[PDB]
């Protein structure tokens, strides 16, 4: 888009920053609504998810991988320790209750993901993910 901003609706439909912003907003709103039933929010869920994958992380790494501000991540990790989902091993990990909670919330999350990908070929999903992953490599400030 060297010569100028996207100018028509058809051009906007090809402008990836608009698309990932509109998507992230609606996905996160819907997810936060569903998570409210469990008394947690997106940041807590994303923290459970990345601790499930990595087992232990520092609070700084949680902030990066769960995509939240460092100050918000430290306060939320303390909240999650108080509520028995995370333990302090500055590295933290899941408690059994934290893993159980992730497991119990995943059916609804999987249903939301199924709706997200309706009408999209698996090969196109793979190309889209490869593109977005390289974009993350291009602009991330933290190399994790």
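Numbering follows the first chain given and starts at 1.
Trainee: Would you class the number of unmodelled deposited residues between residue 89 and residue 90 as none, 1 to 3, 4 to 9, or 10 or more?
Mentor: Missing residues, residue 89 to residue 90: 4 to 9.
Trainee: Decide which of the stretches 80 to 88 and 46 to 54 has the higher mean C-alpha B-factor, going by the entry.
Mentor: It is 80 to 88.
Trainee: Going by the B-factors listed in the PDB entry, is the mean over the C-alpha atoms higher for 26 to 34 or for 95 to 103?
Mentor: On average, C-alpha B-factors are higher across 95 to 103.
Trainee: By the record's CA B-factor, is residue 142 among the lowest, middle or highest third of residues in the chain?
Mentor: Ranked within chain, residue 142 CA B lands in the middle tercile.
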